[PDB]
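Taking the form deposited in one PDB entry, here's one chain by itself in structure tokens.
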């Protein structure tokens, strides 16, 4: 292997596999330090107006959405990877397990599920998750 990495758990993958066909659009995950792996946390209904309330404020967590946009005269819709952590109150062993799985957990979407991804968005608090921010993250000045 090129570096340190960890697998996904069954329940987390059992939701990401359905998100790869627009079936859910609202998957919620967390790490399991007991096994150093990403596990499922929720799959209750959420939209980009209710997403800020799913995001925590005292721990790191992982989240996925399906964002909708338009360019060059056509309309398009696909998966977004979203991450949250506070830094000010999460445990040292928590935050560095999240960041260490961030690369292989994206290859499990892009290469094991063979599914495209809109963006790899990151927030401090989730209050910033809005249709204006999701546009500005996907259409930067680059």
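Positions refer to the first chain, counted from 1.
There is also a form deposited with a partner chain bound; it is not shown, and the following applies to it.
The contact with the partner chain in the deposited complex, taken as any heavy atom within 4.5 Å, belongs to 85 out of 79, 85, 109, 55. Only one of the listed residues (48, 27, 66, 97) places a non-hydrogen atom within 4.5 angstroms of the partner chain in the deposited complex, and that residue is 97.
Although the partner is absent here, residue 17 is not a contact residue: none of its heavy atoms lies within 4.5 angstroms of the partner chain in the deposited complex. Among heavy atoms of residue 103, some come within 4.5 Å of the partner chain in the deposited complex. Residue contact check for residue 11: none of its heavy atoms lie within 4.5 Å of the partner chain in the deposited complex.
The closest heavy atom approach of residue 128 to the partner chain in the deposited complex falls within 4.5 Å.
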